[PDB]
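Notes follow the structure.
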Amino acid sequence: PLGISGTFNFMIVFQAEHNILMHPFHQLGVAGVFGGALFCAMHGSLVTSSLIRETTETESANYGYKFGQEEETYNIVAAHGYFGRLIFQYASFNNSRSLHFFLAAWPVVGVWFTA
Amino acid sequence: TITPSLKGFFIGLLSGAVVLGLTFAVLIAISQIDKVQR
Amino acid sequence: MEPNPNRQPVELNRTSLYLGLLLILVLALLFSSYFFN
Amino acid sequence: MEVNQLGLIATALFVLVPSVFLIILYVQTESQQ
Amino acid sequence: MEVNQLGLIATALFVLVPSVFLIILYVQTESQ
Amino acid sequence: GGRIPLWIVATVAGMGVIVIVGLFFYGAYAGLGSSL
Amino acid sequence: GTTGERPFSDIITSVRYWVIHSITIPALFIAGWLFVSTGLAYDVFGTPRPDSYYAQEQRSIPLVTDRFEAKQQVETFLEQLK
Amino acid sequence: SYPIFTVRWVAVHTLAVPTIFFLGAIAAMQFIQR
Amino acid sequence: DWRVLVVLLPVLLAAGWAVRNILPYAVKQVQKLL
Amino acid sequence: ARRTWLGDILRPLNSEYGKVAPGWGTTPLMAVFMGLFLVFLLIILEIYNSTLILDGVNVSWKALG
Amino acid sequence: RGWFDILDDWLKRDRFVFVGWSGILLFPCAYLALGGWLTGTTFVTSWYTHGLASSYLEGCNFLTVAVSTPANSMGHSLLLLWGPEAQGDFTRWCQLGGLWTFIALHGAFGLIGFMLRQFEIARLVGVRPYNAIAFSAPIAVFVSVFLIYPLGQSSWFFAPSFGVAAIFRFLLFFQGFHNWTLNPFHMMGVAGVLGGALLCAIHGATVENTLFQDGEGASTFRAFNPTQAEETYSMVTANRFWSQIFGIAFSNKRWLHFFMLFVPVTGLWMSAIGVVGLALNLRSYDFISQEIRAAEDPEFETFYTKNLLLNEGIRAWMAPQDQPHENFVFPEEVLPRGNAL
Amino acid sequence: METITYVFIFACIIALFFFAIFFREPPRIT
Amino acid sequence: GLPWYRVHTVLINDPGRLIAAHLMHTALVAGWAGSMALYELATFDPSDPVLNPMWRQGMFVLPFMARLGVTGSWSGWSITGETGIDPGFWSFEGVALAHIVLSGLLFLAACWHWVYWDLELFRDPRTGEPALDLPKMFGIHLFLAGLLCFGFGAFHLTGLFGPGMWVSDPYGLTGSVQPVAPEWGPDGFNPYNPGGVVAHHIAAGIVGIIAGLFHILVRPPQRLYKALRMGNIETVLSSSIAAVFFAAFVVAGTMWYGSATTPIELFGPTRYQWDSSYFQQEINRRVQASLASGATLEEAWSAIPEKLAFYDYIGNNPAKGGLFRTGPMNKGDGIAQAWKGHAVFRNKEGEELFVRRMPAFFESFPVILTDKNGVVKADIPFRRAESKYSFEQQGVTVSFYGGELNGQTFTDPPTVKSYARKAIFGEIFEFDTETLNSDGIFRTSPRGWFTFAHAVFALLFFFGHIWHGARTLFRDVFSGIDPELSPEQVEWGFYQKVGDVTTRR
Ligand code: CLA
Ligand code: CLA
Ligand code: CLA
Ligand code: CLA
Ligand code: CLA
Ligand SMILES: CC1=C(/C=C/C(C)=C/C=C/C(C)=C/C=C/C=C(C)/C=C/C=C(C)/C=C/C2=C(C)CCCC2(C)C)C(C)(C)CCC1
Ligand SMILES: CC1=C(/C=C/C(C)=C/C=C/C(C)=C/C=C/C=C(C)/C=C/C=C(C)/C=C/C2=C(C)CCCC2(C)C)C(C)(C)CCC1
Ligand SMILES: CCCCCCCCCCCCCCCCCC(=O)O
Ligand SMILES: [Fe+2]
């Protein structure tokens with residue numbers, strides 16, 4: 001249904017007629033969206049953790065970035081130095097392109113499976 | 001008086017102490033041996 | 001007596017206005033059904 | 001439908017009061033610049 | 001007392017809307 | 001040092017997992033938990 | 001980019017590693033096997049065997065219903081099998 | 001010259017040793033019959 | 001009971017065998033600690 | 001700054017900003033008190049929880065009479 | 001240069017796995033929580049607390065094994081090994097549900113240890129502590145669901161049991177008894193998790209599709225150097241694309257990444273609040289206006305009334321087996337059922 | 001009255017979309 | 001300029017205006033207290049503390065005044081139902097007025113401290129800069145806290161110079177304000193022992209006085225001063241928030257489980273009293289005792305006080321409400337008027353049958369009747385075609401002993417089913433649903449609403465603690481990381497000890 005409670009009706013009746021919860025493709029969809037939310041927070045917190053000091057405490061740190069500036073606005077080596085110690089060195093990215101490909105791939109692929 | 005659960009309480013208390021004291025004992029010893037050079 | 005040196009201007013840019021009004025309106029849209037019950 | 005009559009004022013102030021707050025801060029930001 | 005229940009919202013908005021209007025104009029005068 | 005080539009370590013290790021896991025799937029159809 | 005421990009790749013391709021671990025791994029595997037095949041796991045953990053969930057003509061669950069006599073309850077159910 | 005025994009060695013074997021033991025126990029379980 | 005020694009024997013033998021094979025190099029390590 | 005009569009009376013209570021005792025001072029004593037208080041809170045919790053049961057301590061409403 | 005500073009030195013050595021003072025709390029508790037879950041799922045039954053099998057040893061598979069909650073008759077007992085219930089007997093402790101409290105409490109203290117570890121490492125490296133702050137959300141979820149929730153109910157029995165299927169049963173329970181899907185705090189959580197996943201996918205794809213050509217290879221990964229100062233993708237072209245596709249785009253990289261922290265952290269915090277209410281059966285179960293109308297007007301039907309019939313079926317059909325301590329006996333003739341089914 | 005309220009909030013959101021897109025603060029390069 | 005979420009940081013280095021702000025906040029809180037009390041007084045019906053006590057009426061601050069000894073109105077009524085009494089000035093109305101006056105006084109002092117912010121008291125005499133000696137402030141404030149805590153226990157709660165506190169019997173039947181003597185033995189740590197609350201305040205008050213003396217005279221060690229940033233008032237905010245969410249969890253818990261300070265005549269019963277059939281057991285204990293000493297059924301149940309019967313009813317269970325079901329309990333099931341009597345069901349063969357009670361988990365529950373042994377003997381069937389246990393087939397009847405319907409028997413199946421539907425809720429009451437236009441759906445009590453709010457605020461304040469504690473220990477990088485951080489500090493192996501540049505290899 002095109003409705004909020006209708007959506008719930010749909011998913012309840014789906015569970016009785018199919019048991020979507022015990023189906024591995026739904027389990028991968030959960031891993032896709034939970035892991036998607038997790039890595040959203042992780043990436044956001046690691047980049048936000050390693051912003052380069054560009055502002056005073058009386059101003060939003062967001063004003064330390066100017067649309068179109070050529071230089072990066074955080075220190076990825078500091079972020080990697082923090083996250084690789086949080087876990088161990090090789091569970092942390094040092095390549096921003098691989099990192100953002102991973103961000104893209106995990107939730108997309110999990111939601112492909114759940115669809 | 002000193003009921004069975006109060007006895008158990010003291011057992012749990014001493015066991016915790018043993019675990020923490022043994023742990024810190026071992027950690028101090030290692031740190032004394034394998035110091036950092038400055 | 002000197003005026004207070006700790007005073008500061010406050011700001012809210014236009015994008016923050018739009019983001020806040022959206023938050024408020026969507027929250028009201030979400031909770032209104034429960035207020036009317 | 002037999003809804004809570006106070007739901008209306010509840011909803012109205014819930015929208016109005018924080019919205020006015022933001023507008024006040026926005027407008028006085030523009031007139032600095 | 002059996003009063004009119006739209007009386008409450010009518011009175012609240014009668015106060016709030018014009019009051020807020022004035023507050024908006026006054027604060028942006030002070031910051032300029 | 002670097003005596004056993006790593007591709008051989010990883011092939012044998014890999015077949016080792018395939019085997020224990022296959023054993024677990026066989027056990028879903030035999031014995032306890034088989035419905036029989 | 002190293003903290004001084006020996007690289008893993010160098011360890012698991014080394015001959016000495018595999019001289020120790022071609023023993024230690026099957027040993028640990030067979031130990032776990034025996035833990036189960038001997039029946040010891042059932043006894044340690046209190047897990048029913050397939051013939052000891054119910055008494056022969058019983059279809060009630062031996063459910064613990066008391067907090068402070070719970071231990072004695074489990075023991076009473078078990079005796080209703082012996 | 002690398003040391004053999006390290007904090008890392010302990011962390012690795014703290015996980016590895018019971019893992020293989022549990023794997024052995026779970027393997028034996030596939031032959032249990034009711 | 002006996003089933004415990006049965007279980008624990010492979011573990012003790014395996015730990016014995018790793019000791020035998022590593023002892024020489026583990027002595028080198030301890031000495032280097034001053 | 002404005003001086004006032006109450007201000008001059010209270011003055012010495014706000015005159016040792018930044019003064020510290022050297023090194024660890026009473027930190028060892030603090031830790032003793034902390035550990036006793038932890039044990040004390042464990043006891044109180046476990047009494048309420050009925051994990052610690054004591055003679056003459058009936059943790060029930062029926063202890064109002 | 002006394003023993004405290006010497007031990008500090010040793011805890012904070014750069015090594016493959018960093019230890020720190022936080023490690024003294026984290027590593028024992030994390031490993032025991034984990035070990036208890038693997039031990040219980042491999043060997044331990046739920047027969048005496050639940051009337052369920054729940055271990056590999058018993059015939060269960062990865063989806064159906066669990067460490068199950070203790071029996072309802074234990075109340076909120078800590079269920080300490082040396083406590084008055086198990087009286088030091090490890091076997092009985094297992095059979096009584098002791099591994100559940102063992103895992104939950106050690107897991108709680110492990111979570112604290114992990115967040116302290118985030119603080120500790122960030123301080124040593126000189127970064128801001130926002131990763132620690134973000135982790136407050138999973139803490140709030142854990143404590144609200146595993147601790148606060150069963151503490152408001154009759155016992156730990158009604159907390160989530162630690163298993164795949166057992167969590168599935170938790171979800172369904174909450175639908176039928178609490179009508180949790182109707183709860184706006186859950187709804188905000190849903191938006192936050194789905195919104196986080198969306199942000200994650202859309203940001204990774206934008207970056208990967210606005211890259212600068214910085215090498216000649218068709219594998220664009222190699223043309224990034226972690227010490228380059230230059231942005232590796234074009235914020236400007238990304239902003240244009242999204243403005244023209246969607247109407248609005250990000251223009252501030254700092255705001256973008258903060259927003260990515262904010263959305264899922266806030267969503268999880270919101271859901272935790274709703275679960276706190278459900279600790280007290282303070283549900284968003286009904287709309288009163290709908291019930292008054294439907295009671296009087298048998299031709300009034302909505303997706304809201306249809307879902308409550310589903311809840312009523314869930315409760316009556318699962319309660320006897322899901323709550324065995326209550327001794328519910330529902331004869332066939334009282335079970336709610338539609339036609340034919 | 002509840003219907004009027006729901007639809008009013010919805011219409012205010014649509015109006016906000018319009019200002020947020022066509023009357024945004026323009027992004028300006030450096 | 002400042003973003004909106006940081007406006008109040010202008011007070012961090014301005015002790016006068018910080019005090020003005022704290023005064024204004026205290027004025028607001030005291031003003032709420034007085035306004036809330038006046039609203040409750042304007043809506044409270046005092047005419048029936050048996051079946052319409054305060055907790056059925058959505059009263060929230062009334063029970064807190066009664067808890068500590070305020071029990072009467074200037075209007076001449078008291079909450080225990082005594083009529084024609086004189087409280088003197090400390091009536092509900094006088095307490096409300098006091099808070100309002102207090103509010104107004106705090107507001108004027110706020111204005112003075114805001115204007116006259118630049119007091120020499122706030123300046124460090126060595127450096128000329130605003131400075132607070134927080135270690136000494138703590139010892140002063142702790143000493144004061146200790147004196148107040150002691151006095152409250154030694155004078156108010158004992159009745160030595162004060163009224164005492166609310167105490168009752170175990171079944172919440174006869175409560176009143178009584179002086180309470182301390183309990184000094186181990187039963188003083190029993191939450192249900194009121195003497196422990198007296199002893200706690202006496203002893204902790206003395207400990208507070210002594211610790212406070214310690215903290216005025218002994219400076220903090222340098223190791224601790226630097227570790228906890230004791231020159232940064234935000235560390236105090238961090239630890240104060242922690243202490244506060246700790247306190248909030250405790251008062252949610254004791255409210256929910258019940259203790260000597262959350263008595264059931266003031267906040268209502270707990271859910272655990274329904275779970276454990278606590279009141280039904282006592283009621284049955286009395287009916288069995290009246291029967292052994294030779295009373296008829298009619299006589300033994302007629303001796304059950306209505307107040308006790310009313311506790312044995314699921315509609316007073318605080319775990320039967322909902323988040324958006326607003327207002328007093330009376331708005332749901334109505335204003336209880338009378339106990340109808342105790343319903344006894346029997347089948348056509350004369351066995352007593354027992355309605356299975358609704359558990360708190362269930363919005364709806366079916367109607368099943370059991371014999372003493374728990375064997376199902378009758379129900380209300382859903383599907384009729386294969387019903388075996390209908391009331392019609394089993395000839396179920398209901399008789400009433402005690403209450404309004406005492407001695408009456410009903411046999412027409414629809415009437416009998418009607419009372420069976422009510423018996424799942426416990427004892428059966430007549431309600432006035434018209435006066436408040438009650439909708440018939442259960443609401444939670446003040447015990448429930450208080451627990452909810454305090455558990456939620458506590459959880460939120462845990463975030464505040466993490467936030468401000470982070471800001472305290474990371475003040476130096478709040479605005480970003482060193483732009484001259486070198487990669488050798490964050491790369492592996494360079495330093496033996498992470499972040500310590502003196503441990504270079
Ligand atoms: C940092 C490590 C850590 C932490 C935080 C915990 C925490 C916990 N454990 Mg876990 N545990 C750990 C390590 C840890 N454990 C390790 C290493 C093991 C393996 C041995 C275990 C094995 C274990 C088991 C088997 C059980 C727990 C249990 C518990 C819980 C109760 C603890 C308790 O009551 O302690 C009480 C004790 C203290 C708090 C110590 C206080 C120290 C005092 C102040 C010193 C006293 C001085 C001394 C006695 C004087 C000497 C006098 C003498 C001369 C006579 C709690 C969640 C129980 C549980 O989970 O229940 C479900 C349980 O049954 N733990
Ligand atoms: C579109 C579908 C949808 C979505 C996106 C969500 C999303 C959510 N649901 Mg809802 N749910 C839905 C449908 C959905 N729900 C429906 C239809 C129902 C039926 C009523 C429910 C019933 C439901 C319940 C009953 C609950 C939720 C909860 C949640 C939240 C889970 C938060 C989380 O990550 O917990 C994951 C858990 C954590 C983050 C806790 C800490 C975890 C630590 C870090 C683990 C560390 C692991 C460690 C390393 C060891 C692992 C090793 C081992 C595995 C090998 C989240 C807001 C929960 C909630 O609201 O919580 C407050 C909750 O209890 N949902
Ligand atoms: C002359 C002072 C005075 C007096 C006699 C009263 C009296 C009263 N007030 Mg009012 N009140 C006052 C000032 C006063 N108030 C001020 C200044 C404010 C503004 C903050 C208020 C705000 C206020 C509110 C908001 C409410 C009251 C309420 C009440 C009533 C219940 C009191 C109660 O339960 O406290 C409960 C006691 C506590 C909360 C104290 C717990 C303190 C914690 C445990 C201490 C923290 C730890 C400590 C620092 C450590 C000490 C160390 C130890 C070792 C010693 C009672 C009639 C209630 C009422 O019925 O209103 C009509 C109510 O809801 N008052
Ligand atoms: C600790 C706080 C507290 C508690 C426990 C109570 C409890 C109670 N009050 Mg009192 N009250 C309080 C504070 C409190 N009050 C204050 C501060 C005021 C002044 C506003 C009042 C004014 C007041 C009046 C006027 C009345 C009561 C009444 C009552 C009773 C009914 C409450 C009810 O229906 O709630 C309903 C509660 C809810 C529907 C919960 C609302 C939760 C909101 C919607 C959540 C917001 C979510 C947020 C937007 C999400 C943001 C997330 C993201 C953007 C970051 C009950 C005993 C009533 C009564 O019976 O009196 C006799 C009554 O008429 N109270
Ligand atoms: C005693 C409690 C206390 C005190 C004194 C402070 C004080 C402060 N906080 Mg902390 N904080 C607290 C609790 C507290 N906080 C808690 C519980 C949380 C978790 C929710 C936080 C989370 C928090 C964050 C995340 C931040 C602060 C910041 C700040 C500073 C700026 C606040 C500001 O300008 O707000 C301005 C606020 C407004 C203009 C409007 C707020 C409107 C809110 C959403 C709703 C209205 C509440 C309502 C009126 C009544 C509350 C009822 C009940 C809570 C009593 C200031 C030092 C900021 C900071 O560090 O700056 C450097 C910052 O970023 N605080
Ligand atoms: C509880 C307890 C304890 C502890 C214990 C412990 C500590 C344990 C541990 C344990 C352990 C530690 C275990 C482990 C296990 C593991 C496992 C069993 C594994 C499995 C795995 C798997 C099966 C996997 C597979 C796979 C797949 C499927 C796919 C991919 C590949 C892979 C291979 C991964 C104590 C004594 C204190 C006492 C008290 C009680
Ligand atoms: C000046 C003066 C005076 C007067 C005074 C006055 C008159 C006062 C009053 C005061 C008051 C009269 C006050 C009040 C207050 C109030 C408040 C302060 C409120 C608050 C509220 C809130 C905060 C709420 C919130 C919420 C909501 C809204 C919703 C739901 C949720 C919540 C709960 C969160 C006198 C004569 C004495 C003397 C001289 C001077
Ligand atoms: C403060 C940290 C506490 C750390 C460890 C506490 C628990 C250590 C576990 C020790 C418990 C095992 C021995 C108790 C077994 C009970 C036997 C008995 O009751 O006689
Ligand atoms: Fe990014």
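Residue names in the structure tokens use chain letters A, B, ... in the order shown, residue numbers from 1 in each chain, and ligand numbers from 1 in the order shown.
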Next on the checklist: Could you list, as a ChimeraX atom specification, every residue within 6 Å of segment 7-24 of chain C, counting only C-alpha atoms and ignoring same-chain residues fewer than 5 positions away?
Outcome noted: /D:25-26,29 /M:1-3
Just-selected residues, C-alpha atoms written as an mmCIF file, in the first residue's frame:
data_model
loop_
_atom_site.group_PDB
_atom_site.id
_atom_site.type_symbol
_atom_site.label_atom_id
_atom_site.label_comp_id
_atom_site.auth_asym_id
_atom_site.auth_seq_id
_atom_site.Cartn_x
_atom_site.Cartn_y
_atom_site.Cartn_z
ATOM 1 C CA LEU D 25 17.974 34.435 14.128
ATOM 2 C CA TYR D 26 18.057 34.306 10.317
ATOM 3 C CA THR D 29 21.958 37.545 10.536
ATOM 4 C CA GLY M 1 29.316 34.699 14.815
ATOM 5 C CA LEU M 2 28.339 32.019 17.312
ATOM 6 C CA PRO M 3 26.193 29.224 15.905
#
Checklist entry - Hey, which residues come within 6 Å of ligand 2 if we count only C-alpha atoms and all ligand atoms? Could you give them as an MDAnalysis selection string? => result (chainID A and resid 34) or (chainID K and resid 138:139 141:142 145 170:172 174:175 180:181 186 189:190 193:194 268 271:272 275)
Next on the checklist: Using only C-alpha atoms and a cut-off of 7 Å, which residues of chain K sit close to chain B? Please list them as JSON, numbers by chain.
Outcome noted: {"K": [6, 7, 10, 82, 83, 84]}
What are the DSSP helix (DSSP H, G or I) residues of chain A, as a compact mmCIF listing (two decimals) with C-alpha atoms, in the first residue's frame?
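To be explicit, this is the file written out as selection_12.txt:
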# COMPACT_ATOMS: atom_id res chain seq x y z
CA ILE A 4 2.55 4.15 6.42
CA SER A 5 0.35 1.58 8.21
CA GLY A 6 -0.31 -0.12 4.87
CA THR A 7 3.46 -0.61 4.60
CA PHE A 8 3.37 -2.39 7.98
CA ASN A 9 0.43 -4.58 6.93
CA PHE A 10 2.44 -5.53 3.87
CA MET A 11 5.49 -6.54 5.84
CA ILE A 12 3.57 -8.45 8.50
CA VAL A 13 1.63 -10.52 5.96
CA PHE A 14 4.86 -11.07 4.02
CA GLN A 15 6.45 -12.58 7.13
CA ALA A 16 3.54 -14.99 7.63
CA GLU A 17 3.42 -16.11 4.00
CA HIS A 18 7.18 -16.20 3.33
CA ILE A 20 11.36 -13.17 5.06
CA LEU A 21 13.32 -13.06 8.34
CA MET A 22 14.71 -16.58 7.87
CA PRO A 24 19.30 -15.08 3.64
CA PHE A 25 18.68 -12.32 1.10
CA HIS A 26 16.74 -10.33 3.67
CA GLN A 27 19.49 -11.07 6.22
CA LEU A 28 21.94 -9.55 3.72
CA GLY A 29 19.67 -6.56 3.28
CA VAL A 30 19.81 -5.99 7.02
CA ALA A 31 23.60 -6.34 6.89
CA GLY A 32 23.55 -3.86 4.04
CA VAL A 33 21.54 -1.17 5.78
CA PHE A 34 22.95 -1.73 9.33
CA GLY A 35 26.45 -1.81 7.93
CA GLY A 36 25.52 1.15 5.75
CA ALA A 37 24.44 3.16 8.81
CA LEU A 38 27.55 2.03 10.70
CA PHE A 39 29.96 3.06 7.96
CA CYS A 40 28.08 6.31 7.49
CA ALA A 41 28.75 7.11 11.16
CA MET A 42 32.33 5.81 10.97
CA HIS A 43 33.26 7.83 7.91
CA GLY A 44 31.51 10.90 9.19
CA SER A 45 33.14 10.63 12.60
CA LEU A 46 36.63 9.89 11.29
CA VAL A 47 36.64 12.76 8.82
CA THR A 48 35.03 15.05 11.41
CA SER A 49 37.62 13.82 13.95
CA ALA A 61 34.42 24.69 12.15
CA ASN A 62 32.47 24.28 8.90
CA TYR A 63 33.67 27.72 7.95
CA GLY A 64 37.17 26.26 7.70
CA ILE A 76 43.54 11.25 6.24
CA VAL A 77 46.86 10.04 7.66
CA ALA A 78 45.78 11.14 11.15
CA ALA A 79 42.42 9.43 10.68
CA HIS A 80 44.13 6.26 9.52
CA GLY A 81 46.61 6.55 12.40
CA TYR A 82 43.63 6.65 14.80
CA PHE A 83 41.46 3.96 13.24
CA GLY A 84 44.28 1.49 12.60
CA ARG A 85 45.18 1.68 16.28
CA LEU A 86 41.54 1.39 17.32
CA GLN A 89 46.79 -1.18 11.13
CA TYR A 90 45.55 -3.19 8.14
CA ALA A 91 41.83 -2.98 8.94
CA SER A 96 40.50 7.47 -0.03
CA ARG A 97 39.35 6.04 -3.38
CA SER A 98 39.15 2.47 -2.03
CA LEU A 99 37.45 3.82 1.08
CA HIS A 100 34.71 5.62 -0.83
CA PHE A 101 34.24 2.66 -3.22
CA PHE A 102 33.67 0.48 -0.20
CA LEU A 103 31.14 2.99 1.15
CA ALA A 104 29.28 2.78 -2.11
CA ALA A 105 29.48 -0.96 -2.58
CA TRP A 106 28.35 -2.35 0.78
CA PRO A 107 24.82 -0.87 1.06
CA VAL A 108 24.15 -1.05 -2.69
CA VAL A 109 25.00 -4.70 -2.82
CA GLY A 110 23.08 -5.54 0.33
CA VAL A 111 19.98 -3.81 -1.00
CA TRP A 112 20.32 -5.60 -4.37
CA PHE A 113 20.08 -8.83 -2.42
CA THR A 114 17.11 -7.75 -0.39
Next on the checklist: For residue 266 of chain M, find every residue with an atom within 10 Å (counting only C-alpha atoms), except residues of its own chain fewer than 6 positions away, and show them as a list in words.
Outcome noted: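 Counting only C-alpha atoms, the residues come to residues 53, 54, 55, 56, 59, 60, 62, 63, 64, 65, 66, 67, 79, 166, 172, 175, 446 and 447 of chain M.
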Keeping N, CA and C atoms for every residue in the selection just given, could you write it to a file as a short mmCIF file (atom, residue, chain, number, x, y, z; two decimals), in the first residue's frame?
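Everything below was put into again.cif:
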data_model
loop_
_atom_site.label_atom_id
_atom_site.label_comp_id
_atom_site.auth_asym_id
_atom_site.auth_seq_id
_atom_site.Cartn_x
_atom_site.Cartn_y
_atom_site.Cartn_z
N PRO M 53 -8.31 8.43 45.07
CA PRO M 53 -7.09 9.09 45.56
C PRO M 53 -6.39 9.87 44.47
N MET M 54 -5.39 10.64 44.90
CA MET M 54 -4.70 11.60 44.05
C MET M 54 -4.08 10.95 42.82
N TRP M 55 -3.65 9.69 42.93
CA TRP M 55 -2.87 9.08 41.87
C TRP M 55 -3.77 8.62 40.71
N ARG M 56 -5.06 8.43 40.96
CA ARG M 56 -6.08 8.22 39.97
C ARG M 56 -6.40 9.51 39.24
N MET M 59 -2.39 13.55 39.57
CA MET M 59 -1.64 14.42 40.45
C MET M 59 -0.17 14.00 40.47
N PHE M 60 0.71 14.96 40.24
CA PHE M 60 2.14 14.73 40.17
C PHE M 60 2.94 15.38 41.30
N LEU M 62 1.42 17.02 44.11
CA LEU M 62 0.69 16.76 45.34
C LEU M 62 1.33 15.65 46.15
N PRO M 63 1.65 14.48 45.59
CA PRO M 63 2.26 13.43 46.40
C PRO M 63 3.62 13.78 46.92
N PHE M 64 4.36 14.68 46.27
CA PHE M 64 5.65 15.02 46.81
C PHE M 64 5.53 15.93 48.01
N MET M 65 4.52 16.81 48.02
CA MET M 65 4.26 17.58 49.24
C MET M 65 3.75 16.68 50.37
N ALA M 66 2.85 15.74 50.05
CA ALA M 66 2.33 14.86 51.09
C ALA M 66 3.43 13.97 51.64
N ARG M 67 4.35 13.53 50.77
CA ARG M 67 5.40 12.62 51.21
C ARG M 67 6.18 13.18 52.41
N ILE M 79 -5.70 15.21 52.85
CA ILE M 79 -5.64 14.10 51.89
C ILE M 79 -5.93 12.77 52.53
N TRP M 166 5.75 10.33 55.09
CA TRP M 166 4.66 9.41 54.87
C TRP M 166 5.14 8.00 55.08
N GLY M 172 -0.86 -0.58 51.98
CA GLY M 172 -1.27 0.76 51.61
C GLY M 172 -2.65 1.16 52.06
N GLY M 175 -2.01 4.89 55.65
CA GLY M 175 -0.86 5.74 55.67
C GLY M 175 -1.13 7.12 56.26
N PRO M 446 0.89 8.14 38.01
CA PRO M 446 2.09 8.98 38.22
C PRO M 446 3.34 8.15 38.42
N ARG M 447 3.22 6.96 38.98
CA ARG M 447 4.38 6.10 39.10
C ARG M 447 4.96 5.78 37.73
#
Next on the checklist: Can you work out which residues from chain M touch chain K at a cut-off of 6 Å (counting only C-alpha atoms) and hand them back as a ChimeraX atom specification?
Outcome noted: /M:319,321-323,381-383,387,481,496-499
Item to check | Expected answer as a PyMOL selection string: residues within 9 Å of ligand 4, only C-alpha atoms and all ligand atoms | outcome: (chain C and resi 23-24+27-28+31+34-35) or (chain D and resi 14) or (chain K and resi 184-185+188+266-267+269-270) or (chain M and resi 32-33+35-36+39-40+43-44+54-61+322-331+443-454+457)
Next on the checklist: List as a VMD selection string the protein and nucleic acid residues lying within 8 Å of ligand 1, with only C-alpha atoms and all ligand atoms counted.
Outcome noted: (chain B and resid 9 to 10 12 to 20) or (chain J and resid 35 to 36 38 to 39 42) or (chain K and resid 24 to 29 32 78 to 83 98 to 103 105 to 106 109)
